[PDB]
Amino acid sequence: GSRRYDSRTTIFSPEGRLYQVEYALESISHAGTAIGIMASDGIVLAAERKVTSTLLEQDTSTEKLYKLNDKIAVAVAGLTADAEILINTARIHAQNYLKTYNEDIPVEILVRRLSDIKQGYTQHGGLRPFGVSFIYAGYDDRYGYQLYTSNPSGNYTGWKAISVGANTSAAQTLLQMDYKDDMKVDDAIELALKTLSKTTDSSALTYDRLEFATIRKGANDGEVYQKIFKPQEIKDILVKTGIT
Amino acid sequence: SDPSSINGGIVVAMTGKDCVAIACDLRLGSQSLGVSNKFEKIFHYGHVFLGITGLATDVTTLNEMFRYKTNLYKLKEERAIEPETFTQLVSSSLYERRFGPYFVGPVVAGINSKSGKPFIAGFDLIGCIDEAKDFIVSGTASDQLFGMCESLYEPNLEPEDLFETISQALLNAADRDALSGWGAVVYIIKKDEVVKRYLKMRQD
Amino acid sequence: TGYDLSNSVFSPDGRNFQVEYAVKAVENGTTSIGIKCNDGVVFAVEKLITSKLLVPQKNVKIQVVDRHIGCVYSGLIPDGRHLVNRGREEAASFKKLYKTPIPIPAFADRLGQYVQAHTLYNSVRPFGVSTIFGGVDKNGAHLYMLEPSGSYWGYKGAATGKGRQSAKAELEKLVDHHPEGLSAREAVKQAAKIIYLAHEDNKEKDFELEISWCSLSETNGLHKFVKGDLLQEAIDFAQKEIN
Amino acid sequence: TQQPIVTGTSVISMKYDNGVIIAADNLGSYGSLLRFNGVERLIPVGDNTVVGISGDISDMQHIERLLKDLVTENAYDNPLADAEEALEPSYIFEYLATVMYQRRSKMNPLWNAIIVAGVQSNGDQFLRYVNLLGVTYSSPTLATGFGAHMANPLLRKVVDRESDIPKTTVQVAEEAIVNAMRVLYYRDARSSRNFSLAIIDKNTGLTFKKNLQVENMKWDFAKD
Amino acid sequence: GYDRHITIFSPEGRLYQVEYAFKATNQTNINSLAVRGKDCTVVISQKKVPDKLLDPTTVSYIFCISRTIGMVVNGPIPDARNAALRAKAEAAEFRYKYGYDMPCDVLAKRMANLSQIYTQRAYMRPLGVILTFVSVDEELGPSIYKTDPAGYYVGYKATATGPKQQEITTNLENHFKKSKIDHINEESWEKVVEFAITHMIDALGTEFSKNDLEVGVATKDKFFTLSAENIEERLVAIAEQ
Amino acid sequence: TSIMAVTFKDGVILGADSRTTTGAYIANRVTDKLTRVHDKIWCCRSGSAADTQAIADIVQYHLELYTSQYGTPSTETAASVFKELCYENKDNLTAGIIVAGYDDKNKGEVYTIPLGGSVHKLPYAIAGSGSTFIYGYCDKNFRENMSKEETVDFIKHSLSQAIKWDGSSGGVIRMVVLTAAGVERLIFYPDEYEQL
Amino acid sequence: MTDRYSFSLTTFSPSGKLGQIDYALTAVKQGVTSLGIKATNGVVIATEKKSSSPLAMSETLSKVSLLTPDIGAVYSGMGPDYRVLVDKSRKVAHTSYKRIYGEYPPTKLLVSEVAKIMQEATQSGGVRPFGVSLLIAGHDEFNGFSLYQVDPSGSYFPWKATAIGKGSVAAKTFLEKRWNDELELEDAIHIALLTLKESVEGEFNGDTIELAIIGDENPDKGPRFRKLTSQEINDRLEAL
Amino acid sequence: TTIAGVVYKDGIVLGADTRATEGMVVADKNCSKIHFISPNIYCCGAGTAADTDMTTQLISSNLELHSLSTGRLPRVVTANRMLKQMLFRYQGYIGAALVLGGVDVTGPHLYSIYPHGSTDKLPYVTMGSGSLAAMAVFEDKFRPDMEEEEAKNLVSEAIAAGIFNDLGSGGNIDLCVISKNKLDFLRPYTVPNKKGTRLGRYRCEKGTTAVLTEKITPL
Ligand SMILES: *[C@@H](CS(C)(=O)=O)[C@H](Cc1ccc(CN)cc1)NC(=O)[C@H](CC1CCCCC1)NC(=O)[C@H](CC(C)C)NC(=O)c1cnc(C)s1
Ligand SMILES: [Cl-]
Ligand SMILES: [Mg+2]
Ligand SMILES: [Mg+2]
Ligand SMILES: [Mg+2]
């Protein structure tokens, strides 16, 4: 029968690792680097696009930074299509929670949910896991500003600064070196871009190879605003910080 | 017994010159017993306003449902829903409960952000669209509102002329209905400002 | 290679080796035949007497479908029974809806499509039987033979099992020597002979002859087993021809 | 739940010394309209059983097909289908009884009253009733619907208890049945003159008589 | 090498089970041809009855799908009959749901979409058949549409299928290069059948008797297959000129 | 409705009025109640128009698919398909259908399927609301093996009376003749049949 | 019959590759060249009608498909796979969008829906990925003109201009030189015909080329999708 | 509602009034009841307005998908079947009463479809509460093979009969003329009633209404 052709995606190796999770992480290690940095007055999400031609329409393009609700965004590293499946599930969970309790979903609860979905693919069903790692940038009125990551295993953790995708080893050392707890958004913007500028496999870091976003409470009357940066704005912030 | 007239209340909407107005009373009751005088029946999803009369549990449920749907719409489309599009969404959503309907009388109001055209619409409980330019009425004093609107209304009113028209239409209709009144709200909606006014009316 | 390990896999030839392996089980079985006559059909089969302990005339191989169709098969006997059970369900549903008893060509395709379905998936095994069947319908007599692949055709005579080549040669002589046709009682006698001649390929053990027939004149278009005097008359005719 | 539309009236029957007799008129009524005058309501099964059916005719036709199908099915892989493993009256009855009670229990009954008359392997007379409720009973005389009220009283005067069955000849029994069919024709508004009668004897086998008529009709006292 | 056993991609981007199903197509060793007239579509196919014990009337690879649609199959008979039964069912369902007779191309596309599913889903094997559908469509006129195990389908001016398809194809190509029209400019179907048979004789280099051919003809509002005697009449007319 | 099918020497003729009412309103006065399920197997429809239309379409489908596989179906087979639908869905249907057809073997055949879902094979059949009024007339005037002209006159006279007395019936008398010769449609207007 | 293939046939290899997606992309590479170019007042999509036989009527085989009145699609790779994506794209544009909102979906969202279907064939039990890459051109009121590519993985990217299949590497280089942000639709059609001539071996005319545009409304609106006729292509080939 | 259709020489003329009622009250005096099915097929709607609207839209949508797959214009019989089979399945609970008219490859066809799933194929039909008023006009004046402007007048006259004599019907007269060469969607064809002129201005002057509080938010 069919047993002959079954890869068995949900088994342990003799060492006690999940083959497909490990190989999915290997996939994600080749994806464009995404960085999240949490400041006292906001969060920065920066991410590097990949391959890019001069003919790619950048202003209508979204491969890295996605919006889950008005308070929570994600940076993606891995299969974009796999991410979009999970993103739309998350977007629904947030609205189910809003409908039930008449309050916006707390960031951790959303993150756990998605992470639990990812976990399920590693323990049952016989399907391949999602080849995606998320950085979640969000705000709620319990914990304030929060950064999390999840990976194909379904494990998630909280961070002050973090990278996913390519060159995370190098990126995490550079962040660990220059990050400080009293840091502000404008400084974190600069740190994020400087880290990508050194870890990039491209010759130089330009506006057309970047997606960029900030979650600031820095708004009138203490309300959270998500800013997905336009191509021209990423170009301006690259000149301001002195990279180009 | 009749679900559309347990809780009571009304909504009316009108068009003017480069503006729309939508208004509602504030009553919620259990038939004869008045319970709340802070039960607003007008909601908004971006720049599109939705009034809903009828069974209050369904009014609440539908508001929550259209908030849900319009939020996902905005995330996917990367723009706020327009009145024309929303009207169709309401109709769809009502008709998918054709044989177990929401006991409601919805009313859409808003200005199309691109064309600038003032828009209103109304529905029966199963989603048939009343698509009239002049005015839309709904609730336990709908007959009363139809009469008031037909005699008071005229086209192309300026925002503060239209306010006086819709307010007098609501107030005088509500005062001839046992299950409407207990306060009232009037939204005057323009292309980039919305004025919300609470009206002084008799509290019986 | 590996193309023969799984059913419904095309080899590089364009063949389904599992079906061809089912044919080997069919070729391993006892001899069964079918003869189309003037107004009907005759079926006969070789039943190997493995032991003296077998009760004579009790282990019946030929099966009836509806009241007008006879089925006989060579190979894996249970697979044949399974196919006949399905046939009976098909014939029953046909009669329930359309009132008339199932026509033989209609019935042939019902078995055909079902057997062919067991070559479409790796989760099932092909049928280990070639099935000779037929009867009398409104358009007269029909004889069919159905292979593990789902292939079937109409026949003047049919033969399958270990003695098929021997039988086929004898059937071909009858087709040549009787263009105007063979009578039902003649076909019973000839069937007996052909099973007796085809027994030379299974000559180690002795055997038991079993014959059935549908004929418009001799059985009113209903399937009946050849019994008693008519069976003995056919055995005597067969025994005379080998000597 | 339905309602019966085209209907058949009384089926009547009795035991006698060697076998059983059963009879039923050839009418399919459509309410008060005497719609179909050529309806056979005695349906033989093999050469040892006759199933007489009253009530809804569409449901009778369904049961007719079930019995026809039962014969086909019993023949399958059965070398003794015309001998020791042929269908018995008791088997045919029990099947029908099972069906009738199953159908009432799903609230979707076959809207009939049935009498299975036959002779068993060992020569025993079989006569048993079943209806739309699955209710079953046996008696030396059995009759459905209207015949229960008028035929049984007459037939019971011939065979009043079990001990009268050996004393009753086939002639006496057939006369009684035909007499009863006359009485029913005078008095049942939904009956007809034309009927069928079936004798199942342990010696002479199944005799099926068609196109019989009620005769010797007393009307002369009307003129006064 | 399990990429050759089920319908998944090989490293070259190839589905070997689809390719091997195409080879099963020629296992019968039969050549078919289809051409269009003005008022008709004619399909002819080789008939080979190797066994004398066979009833030759039951040996057929032409199928009457609906009254308007005919289908000839190149491939083994069990898969041919699988395909035939389904096409019949689909054509009947179509007429019930949509109230008009299923067009030839709409059936071809439908059967092609089903064939595609077997190339993408692993548990189903492709059928080892090429299906040539013919009709006189009430909108498009004389129609020839062909389906294969890949799930490909396309309309034809004329076509040929089988082991010696390339010979027949080039013969037909050369004729339409001369005439400079998409059809056989002929009033009667009887003469279009004569054309079809003649051009198969020339291409294959073999003479035919009445029992070596099998013919199907589509006209407006009916498709029908010719008897042995109808073909014999057709062969007499060819010989006499 | 007034409908009938009558066997005769050369085959069978179906006949029907053309009136369809919604209460007292005549919604359609030119209704075609004789519907084709196969070349030479037709039916007369009475009862719910929605039900008899839905059934006749399903039967047409079944017989089309029968024909694709097993060749021309018998009139008995058509009647069996009608019955199967009417009997199994008796609780949700109001259909009284007469099935009529011409084989060459069996010649003309008429099957009636009343409300129950029972089948009755008859030399002729009458049905519909207007049929009550002509049981007397039809029983007295029907003979077997009539000629085509006699059978047309028998149906014309019968339905003429059915129409006269039944308000639910009326309009034109349509007929469909089924013989070896083919299928002939006849129509007869009020000015013709009323003066009979 | 049990569909026992409830497990993924596309899995991660030790290197992190998804074999079946890569192999599907190899199938796309072997397919015939198709391209898309975006102008200021329109979009053009084009491909070669590679006729399998001269007896075949290549007009019946449409490589360029209308998905909605304002959205068109072309492909490179396996035709039968494309056909069933076009069917589902057309259907999803009604079920999940038009029957809800009373209007057709914008280009990007229809693209996203197609991408989803393709992704699911990359992860669901018992299926191979689709062996096609799509180029979807379209217009909608709030986004204007747009051009998207969709790959077997489910990944999609918006393009100013691009090409896929056989001679895509050479074609993309050709387009990079010629493209600017001030092209009119006629200029883009001209460039599309030049670019496509490089990858075509044999006959190059209106009968062997399929070319459609998303442009002005052709007379509630008119449809912006328009397939150019065999004559309309040949006219522009004289000014080539 | 008064909806009607006739078959004329070159094609089909459909007609409808424009009054939408909730009980005894008029909600819309100029509503559209002639619905689009396909470019060559339209559908007049009566009965439960929501059922009419969503049944025509669903079949229109499915026919659009059907027509994209086949590449040819859809037929009226297929529109008729799809409406019929759906309405039948729902046993009259979808209260759609349609006049379906269009022009095929096989010529012009006109149907009446009823909520329970019956359809009549006819040269002229009327539906809605004003069907008897409209049908009287057709029985009085219809003849087969009319010219275009004559058929337009007859339908317009039949809808008018409904407008005036039936209380459920009113407002303007919409027509839809369908032939092989054109589709003319005439809305409104006629305005048989002028809107009643008001003699006084009852609009209140600014500051007349009593306000408690106010809030302004920009967008
Ligand atoms: C005339 C048909 S009539 C008088 O012969 O029944 C119109 C037809 C029509 C068609 C399309 C459009 C626009 N999409 C408008 C009008 N039908 C009506 O006006 C409906 C008549 C009702 C009669 C009583 C039984 C229900 C149907 N009216 C409605 O459908 C209204 C919707 C309007 C726009 C407010 N709905 C109701 O009155 C309902 C009350 N309760 C319901 C569950 S629906
Ligand atoms: Cl399909
Ligand atoms: Mg009050
Ligand atoms: Mg497969
Ligand atoms: Mg009358």
# chains A, B, ... in the order shown; residues from 1 in each chain; ligands from 1

call {"tool": "residues_around", "arguments": {"residues": "residue 34 of chain B", "least_positions_apart": "4", "cutoff": "12 Å", "atoms": "only C-alpha atoms", "output": "list in words"}}
result
residues 6, 7, 8, 9, 26, 27, 28, 29, 30, 38, 39, 178, 179, 180, 181, 182, 203 and 204 of chain B

call {"tool": "interface_residues", "arguments": {"of": "chain H", "to": "chain E", "cutoff": "6 Å", "atoms": "only C-alpha atoms", "output": "number ranges by chain"}}
result
H: 70, 77-78, 81

call {"tool": "write_last_selection", "arguments": {"atoms": "C-alpha atoms", "output": "mmCIF file, in the first residue's frame"}}
result
data_model
loop_
_atom_site.group_PDB
_atom_site.id
_atom_site.type_symbol
_atom_site.label_atom_id
_atom_site.label_comp_id
_atom_site.auth_asym_id
_atom_site.auth_seq_id
_atom_site.Cartn_x
_atom_site.Cartn_y
_atom_site.Cartn_z
ATOM 1 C CA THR H 70 -17.502 26.660 -22.362
ATOM 2 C CA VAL H 77 -32.913 26.836 -20.805
ATOM 3 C CA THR H 78 -29.806 26.518 -18.589
ATOM 4 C CA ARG H 81 -32.971 24.778 -15.219
#

call {"tool": "residues_near_ligand", "arguments": {"ligand": "ligand 1", "cutoff": "6 Å", "atoms": "only C-alpha atoms and all ligand atoms", "output": "count of residues only"}}
result
23

call {"tool": "residues_near_ligand", "arguments": {"ligand": "ligand 4", "cutoff": "8 Å", "atoms": "only C-alpha atoms and all ligand atoms", "output": "ChimeraX atom specification"}}
result
/E:6-8,17,117-126

call {"tool": "closest_atom_pairs", "arguments": {"of": "chain G", "to": "ligand 2", "cutoff": "12 Å", "atoms": "only C-alpha atoms and all ligand atoms", "output": "Markdown table"}}
result
| residue | atom | partner | partner_atom_place_in_ligand_line | distance |
| --- | --- | --- | --- | --- |
| G:80 | CA | ligand 2 | 1 (Cl) | 11.3 |
| G:83 | CA | ligand 2 | 1 (Cl) | 9.7 |
| G:84 | CA | ligand 2 | 1 (Cl) | 8.1 |
| G:85 | CA | ligand 2 | 1 (Cl) | 11.5 |
| G:86 | CA | ligand 2 | 1 (Cl) | 11.3 |
| G:87 | CA | ligand 2 | 1 (Cl) | 8.2 |
| G:88 | CA | ligand 2 | 1 (Cl) | 10.3 |
| G:91 | CA | ligand 2 | 1 (Cl) | 12.0 |

call {"tool": "write_last_selection", "arguments": {"atoms": "N, CA and C atoms", "output": "short mmCIF file (atom, residue, chain, number, x, y, z; two decimals), in the first residue's frame"}}
result
data_model
loop_
_atom_site.label_atom_id
_atom_site.label_comp_id
_atom_site.auth_asym_id
_atom_site.auth_seq_id
_atom_site.Cartn_x
_atom_site.Cartn_y
_atom_site.Cartn_z
N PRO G 80 -2.00 21.54 -18.21
CA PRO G 80 -3.14 21.01 -17.46
C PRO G 80 -3.22 21.53 -16.01
N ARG G 83 -4.60 25.11 -16.17
CA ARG G 83 -6.04 25.09 -16.46
C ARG G 83 -6.89 24.94 -15.19
N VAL G 84 -6.48 24.05 -14.29
CA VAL G 84 -7.22 23.81 -13.04
C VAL G 84 -7.00 24.92 -12.00
N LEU G 85 -5.90 25.65 -12.12
CA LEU G 85 -5.69 26.86 -11.31
C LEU G 85 -6.58 28.00 -11.80
N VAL G 86 -6.70 28.16 -13.12
CA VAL G 86 -7.59 29.16 -13.72
C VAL G 86 -9.05 28.92 -13.30
N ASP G 87 -9.49 27.66 -13.35
CA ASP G 87 -10.84 27.27 -12.91
C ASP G 87 -11.08 27.67 -11.44
N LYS G 88 -10.16 27.28 -10.56
CA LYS G 88 -10.25 27.63 -9.12
C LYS G 88 -10.12 29.13 -8.84
N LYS G 91 -13.41 30.69 -9.83
CA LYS G 91 -14.41 30.31 -8.84
C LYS G 91 -14.23 31.03 -7.51
#

call {"tool": "interface_residues", "arguments": {"of": "chain A", "to": "chain G", "cutoff": "8 Å", "atoms": "only C-alpha atoms", "output": "VMD selection string"}}
result
chain A and resid 1 to 2 5 to 9 20 23 to 28 54 to 58 60 to 61 63 79 to 82 85 125 to 128

call {"tool": "residues_near_ligand", "arguments": {"ligand": "ligand 5", "cutoff": "6 Å", "atoms": "only C-alpha atoms and all ligand atoms", "output": "ChimeraX atom specification"}}
result
/F:163-164,166-167,169-170

call {"tool": "write_last_selection", "arguments": {"atoms": "N, CA, C and O atoms", "output": "mmCIF file, in the first residue's frame"}}
result
data_model
loop_
_atom_site.group_PDB
_atom_site.id
_atom_site.type_symbol
_atom_site.label_atom_id
_atom_site.label_comp_id
_atom_site.auth_asym_id
_atom_site.auth_seq_id
_atom_site.Cartn_x
_atom_site.Cartn_y
_atom_site.Cartn_z
ATOM 1 N N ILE F 163 -63.397 18.354 -20.148
ATOM 2 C CA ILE F 163 -63.280 19.824 -20.181
ATOM 3 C C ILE F 163 -64.597 20.547 -19.872
ATOM 4 O O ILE F 163 -64.612 21.525 -19.115
ATOM 5 N N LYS F 164 -65.684 20.067 -20.470
ATOM 6 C CA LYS F 164 -67.016 20.659 -20.298
ATOM 7 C C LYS F 164 -67.441 20.749 -18.843
ATOM 8 O O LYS F 164 -68.011 21.762 -18.430
ATOM 9 N N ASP F 166 -65.322 19.803 -15.914
ATOM 10 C CA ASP F 166 -64.253 20.202 -14.990
ATOM 11 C C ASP F 166 -63.759 21.622 -15.273
ATOM 12 O O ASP F 166 -63.301 21.918 -16.381
ATOM 13 N N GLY F 167 -63.857 22.491 -14.269
ATOM 14 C CA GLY F 167 -63.325 23.854 -14.351
ATOM 15 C C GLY F 167 -61.807 23.900 -14.349
ATOM 16 O O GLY F 167 -61.201 24.804 -14.936
ATOM 17 N N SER F 169 -59.928 21.836 -15.873
ATOM 18 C CA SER F 169 -59.505 21.516 -17.235
ATOM 19 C C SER F 169 -60.040 22.525 -18.248
ATOM 20 O O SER F 169 -60.988 23.270 -17.969
ATOM 21 N N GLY F 170 -59.418 22.542 -19.425
ATOM 22 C CA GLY F 170 -59.805 23.458 -20.491
ATOM 23 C C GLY F 170 -58.713 23.762 -21.499
ATOM 24 O O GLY F 170 -57.637 23.154 -21.491
#

call {"tool": "atom_distance", "arguments": {"atom1": "atom CA of residue 34 of chain E", "atom2": "atom CA of residue 159 of chain E"}}
result
5.2 Å

call {"tool": "interface_residues", "arguments": {"of": "chain G", "to": "chain E", "cutoff": "8 Å", "atoms": "only C-alpha atoms", "output": "list in words"}}
result
residues 3, 4, 5, 9, 20, 23, 24, 25, 26, 27, 28, 54, 55, 56, 57, 58, 60, 61, 79, 80, 81, 83, 84, 126, 127, 128, 129 and 130 of chain G

call {"tool": "write_last_selection", "arguments": {"atoms": "C-alpha atoms", "output": "mmCIF file, in the first residue's frame"}}
result
data_model
loop_
_atom_site.group_PDB
_atom_site.id
_atom_site.type_symbol
_atom_site.label_atom_id
_atom_site.label_comp_id
_atom_site.auth_asym_id
_atom_site.auth_seq_id
_atom_site.Cartn_x
_atom_site.Cartn_y
_atom_site.Cartn_z
ATOM 1 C CA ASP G 3 -6.796 7.487 -0.302
ATOM 2 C CA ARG G 4 -4.059 6.375 2.061
ATOM 3 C CA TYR G 5 -1.748 9.235 1.085
ATOM 4 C CA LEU G 9 4.915 14.085 -0.455
ATOM 5 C CA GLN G 20 9.356 18.715 -5.069
ATOM 6 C CA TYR G 23 11.659 19.984 -9.270
ATOM 7 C CA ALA G 24 8.418 21.800 -10.086
ATOM 8 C CA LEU G 25 10.559 24.895 -10.794
ATOM 9 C CA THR G 26 12.681 22.718 -13.141
ATOM 10 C CA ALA G 27 9.454 21.759 -14.957
ATOM 11 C CA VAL G 28 8.604 25.497 -15.237
ATOM 12 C CA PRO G 54 -0.008 21.804 -37.312
ATOM 13 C CA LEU G 55 -3.302 19.832 -37.566
ATOM 14 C CA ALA G 56 -4.214 21.089 -34.081
ATOM 15 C CA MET G 57 -6.263 24.295 -33.931
ATOM 16 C CA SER G 58 -4.126 26.438 -31.590
ATOM 17 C CA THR G 60 -8.800 26.436 -29.049
ATOM 18 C CA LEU G 61 -5.788 26.238 -26.687
ATOM 19 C CA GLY G 79 -0.673 23.376 -19.160
ATOM 20 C CA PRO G 80 -3.140 21.012 -17.456
ATOM 21 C CA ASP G 81 -2.011 22.288 -14.019
ATOM 22 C CA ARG G 83 -6.039 25.093 -16.462
ATOM 23 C CA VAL G 84 -7.219 23.811 -13.037
ATOM 24 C CA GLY G 126 -0.908 12.907 -1.147
ATOM 25 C CA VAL G 127 -0.293 15.652 -3.729
ATOM 26 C CA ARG G 128 2.619 17.009 -5.742
ATOM 27 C CA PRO G 129 3.075 20.777 -6.168
ATOM 28 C CA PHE G 130 1.728 22.539 -9.259
#

call {"tool": "atom_distance", "arguments": {"atom1": "atom CA of residue 238 of chain G", "atom2": "atom CA of residue 33 of chain G"}}
result
22.3 Å

call {"tool": "select_by_dssp", "arguments": {"residues": "segment 9-201 of chain D", "states": "strand (DSSP E or B)", "output": "ChimeraX atom specification"}}
result
/D:11-15,19-25,28-30,33-36,42-44,49-56,112-119,125-131,136-138,141-143,194-201

call {"tool": "interface_residues", "arguments": {"of": "chain C", "to": "chain D", "cutoff": "8 Å", "atoms": "only C-alpha atoms", "output": "list in words"}}
result
residues 60, 63, 64, 65, 66 and 67 of chain C

call {"tool": "write_last_selection", "arguments": {"atoms": "N, CA, C and O atoms", "output": "short mmCIF file (atom, residue, chain, number, x, y, z; two decimals), in the first residue's frame"}}
result
data_model
loop_
_atom_site.label_atom_id
_atom_site.label_comp_id
_atom_site.auth_asym_id
_atom_site.auth_seq_id
_atom_site.Cartn_x
_atom_site.Cartn_y
_atom_site.Cartn_z
N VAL C 60 -19.70 -27.37 -5.07
CA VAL C 60 -20.14 -26.79 -6.35
C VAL C 60 -19.37 -25.51 -6.66
O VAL C 60 -19.27 -24.63 -5.81
N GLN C 63 -21.55 -20.79 -10.27
CA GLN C 63 -22.46 -19.97 -9.49
C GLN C 63 -23.48 -19.30 -10.38
O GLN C 63 -23.17 -18.90 -11.50
N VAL C 64 -24.70 -19.17 -9.87
CA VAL C 64 -25.77 -18.45 -10.58
C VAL C 64 -25.83 -16.98 -10.14
O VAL C 64 -25.62 -16.67 -8.96
N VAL C 65 -26.09 -16.09 -11.09
CA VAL C 65 -26.36 -14.68 -10.81
C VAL C 65 -27.76 -14.39 -11.32
O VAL C 65 -28.13 -14.82 -12.42
N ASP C 66 -28.55 -13.67 -10.52
CA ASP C 66 -29.97 -13.45 -10.79
C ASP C 66 -30.64 -14.84 -10.98
O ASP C 66 -30.43 -15.73 -10.15
N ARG C 67 -31.45 -15.05 -12.02
CA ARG C 67 -31.93 -16.39 -12.35
C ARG C 67 -31.51 -16.88 -13.74
O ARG C 67 -31.72 -18.05 -14.07
#
